[PDB]
Structure formats: structure tokens, C-alpha cells
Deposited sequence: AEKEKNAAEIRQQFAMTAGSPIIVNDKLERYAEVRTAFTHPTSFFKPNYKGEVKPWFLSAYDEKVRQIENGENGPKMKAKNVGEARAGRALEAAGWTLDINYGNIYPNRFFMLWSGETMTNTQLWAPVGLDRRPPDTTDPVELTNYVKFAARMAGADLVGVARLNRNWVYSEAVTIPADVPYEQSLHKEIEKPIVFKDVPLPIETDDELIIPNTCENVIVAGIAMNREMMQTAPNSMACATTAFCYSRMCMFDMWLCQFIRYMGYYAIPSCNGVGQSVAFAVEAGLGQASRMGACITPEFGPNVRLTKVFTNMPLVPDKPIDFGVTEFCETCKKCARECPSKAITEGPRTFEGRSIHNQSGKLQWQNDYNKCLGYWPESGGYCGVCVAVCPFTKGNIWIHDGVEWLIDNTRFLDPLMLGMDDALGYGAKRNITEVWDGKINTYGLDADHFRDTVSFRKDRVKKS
């Protein structure tokens, strides 16, 4: 008979021995955040459908407007009618409500404060003194159980702990000056170094963002996206599950940082800022790096967002996981074949970046992320076709042979041997799926060993 799926068993079977799995060489340097395709001058500008050269997201806006006017949900994808086209973009736009300028990347601004002292919640609770009282727990075993329980309350579907590897922290962040109001933010972005110094608390000066040398650990959260909506990539409903999860990321960071602070430690939120989430996620054991470049998890494949929190709270690092992703990506190449911009390489992993957007000196599949971003104004969205077509995104993949768990190779056969229906179809709270939600149930035994 069918053995019922056991995500905890799977993770136990594929756990590695301790050690960062990412292979590096001597040309590795920390990466300036301005180099990402979203921010770098070489990639920031893209034509719209009229050939006008604009900040890429404004050219994408032009395409969203054009699609609604033409009753489309995506490029050359007719909607049922204009109202359906409208509704998909309204859902997408609303999803971003708790996120600043697509990703919350500016450290210590708006929602990403490095201290809780000015927050309305901290002020309201100040008489209790939780943020000023020294820790009552220093045992990393108990702290790991407490903080992972809090992480699940705060909306994480996956949570893991790693020692902080500074190689993945940006050398300089993209931010804005502290006196710049929101309306000017996109016009006044600057770079600012992230440095590690012997100070008691995270602090920002006029010149530097300063992380204490005591900042030992990073807590990584996975925020699951909705399968039915992502499968509409590159059309509007994939944009909406992306957007809603960014606001879930923001709430997670703020909730968890406040818990850590109220336990007597400090905590730095980040969302898409501060450092490279995929590397932290790999080192914390959420999953493995992949050909497309995302972290692939056993529960969700790559169809999961990441955020992370940095802290001096003593914790027990989790073990990395190896469930064969590298070997499957070596032979699969579905994302590379389906990518509308041919951004994903079909070749082997190297240590040499394809362009300025890649960090050289770590072994990975090297993709052209200017090509990727170039497709976003064209399609009017955040694409996601690679996530949608990846076999690991199917809910389907795990089988038990009577002895152990394995991946069903039939899902990788190539070839295998609409948005109205999404709006009319299955949904549940936060877009989670009750057919698989058991996979992320947690007891103490799987929070800390």
C-alpha cells in the first residue's frame, strides 16, 4: 500500500554532514548590491512596446496598461474580457501593499528597521521592558525551538538556521539617505557599505551600515507561493502570488525581529536586501541551488520565496540537505529550454560569472540576468516560467519504494508521455493548499535535534 508522504522523513534521509555546501575559489569577493540587474545602470533601462527607453519597471507598467485595454492577461494571452484582465492586475498591485519599491531592499528604512526602538509596537510595550531586559535563555537548543515556533506563527512555511557566511552579505547596499521622504526615494538611491565591527548593536552612521561582529547566525524562512497561480507564468496571476508573498515576507521579518528583540537579543530584517537569500537558504538546509539559480526545496521546489533575519541569538545550525537536485539539473534543462529570453545556460557549472550581475568565485550555473530582466517589460510581469516548468514545482514528485524516499524520474521526461479557471478554482488561506499543508507540520523533534 501507499506510504503516506512524510516530509520530515525525507529531510532526515537527505541530511548532509555539517559544512557550507557552496564550493568557492580564490576570486570570490563580496558583491555590491548595485550590480543586480534591477539596479545596475547597464540593465536598469529597457524599451517599452513603443520603443521608448525607460526604467524597466515603467516600461513594464506601459505593457500592463496595454494588456488591460486589450483584454489580455499576459503577452498575446487573451483574457475572458477586460474586467478579468483588470482584476488580475488589481490583485497583483494589491499584493505589494506591505513592500517598499519591489523588495524592501533599503536597510534600516521603512519596514526594515535595524532597531525596534522607534516602532509603534515597541513604544506601546515599553513599560514591560522586554527589549531592555537581559536574556533569560542562553541555551541555543531551547532558543532554536522558541525561535522556530515563532517563525511558523509569523508565516514561514519553512525555517532553517545557519552560521552567517559573510561572503553572501552585500559589500555595499542600495539605500536612500535618512532624510529623503518616500516620494523621492526612487530618484535618490545611493550605495552604502555594509561593514562588520566590534560594536554592541547594529547601527547606521552617515558613512556605513555596521553589523556587530557578534552577529553569528542567520534565520532563513521559506514563504510558499501558490501552485495554480504560478503555473500561469508569465501571465498576471503568477505576478499576484509573487506580490502577496513579498508582503508576507515583510510581516515575517518584522514579527520575528520583534520576538528576538523581546527575548533580549538584536535582530536585523532584510527581505530582498542585505545579502543573497539563495546562498543563505542552501547553507541553512532549506534546499539546494539549481540550474535556474533558485533554491529548490523538497516541499515546494523553487516555487517558494525567501527572506532572512540576522541575529546574535545563540542557535543550533541546521544541516544542509542533498536530495539529488544537482544531478537532476545536470540532465533536465527544462527551464533553459522554456525560458522566453534564453537567459538560463544549458552548459556546466563554472566559477566564472557570465556578466557583472553574477558573483564570480562560487560554483554555480551562470545565467544572463540582463536577458531575464529584458523579458519583464515585454511580458508586463515578473515572468516565472522557469519556476512554473520545473518538475520540482509539481506537488507530485516523491515516492517511497518500501525502503526509502526517491524522486520519480517520470516527471522529468521531456516531452511528458487558463486564468478564468484559476479565478473560479481552488483556493485557501494565503493561497496555501490543504492537500499538501501537512508537509509543513512541525514538532520539537524537527525544530531542534
Stretches of the record's deposited sequence for which the structure holds no C-alpha atoms: 418-430, 463-464
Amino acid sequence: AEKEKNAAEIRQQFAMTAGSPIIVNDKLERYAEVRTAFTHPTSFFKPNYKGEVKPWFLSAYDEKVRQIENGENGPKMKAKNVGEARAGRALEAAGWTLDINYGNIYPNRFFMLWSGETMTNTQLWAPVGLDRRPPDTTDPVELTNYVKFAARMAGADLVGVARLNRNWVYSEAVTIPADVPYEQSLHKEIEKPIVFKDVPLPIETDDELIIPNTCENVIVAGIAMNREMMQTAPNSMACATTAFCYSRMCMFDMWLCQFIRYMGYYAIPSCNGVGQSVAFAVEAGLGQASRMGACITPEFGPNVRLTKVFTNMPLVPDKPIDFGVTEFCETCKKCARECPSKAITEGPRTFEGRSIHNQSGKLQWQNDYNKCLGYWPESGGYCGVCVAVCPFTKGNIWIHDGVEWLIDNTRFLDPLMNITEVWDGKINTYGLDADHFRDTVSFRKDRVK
From here on, numbers count along this sequence of modelled residues.
Unmodelled in at least a third of other entries of this protein, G395: yes
Other entries omitting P415, at least a third: yes
Between 210-218 and 245-253 (mean CA B-factor, as deposited), the higher: 210-218
Given 58-66 and 45-53, the range whose Cα B-factors average higher in the PDB entry: 45-53
Largest Cα B-factor, entry values, listed residues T137, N370, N104, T120: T137
Residue selected from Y146, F196, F300, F259 by maximal Cα B factor: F196
Third of the chain, ranked by Cα B-factor, where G395 sits: highest
Third of the chain, ranked by Cα B-factor, where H357 sits: middle
Third assignment of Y31 from its chain's C-alpha B-factors: middle
For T307, the third of its chain into which the C-alpha B factor falls: lowest
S236 - Cα temperature factor, lowest/middle/highest third of chain: lowest
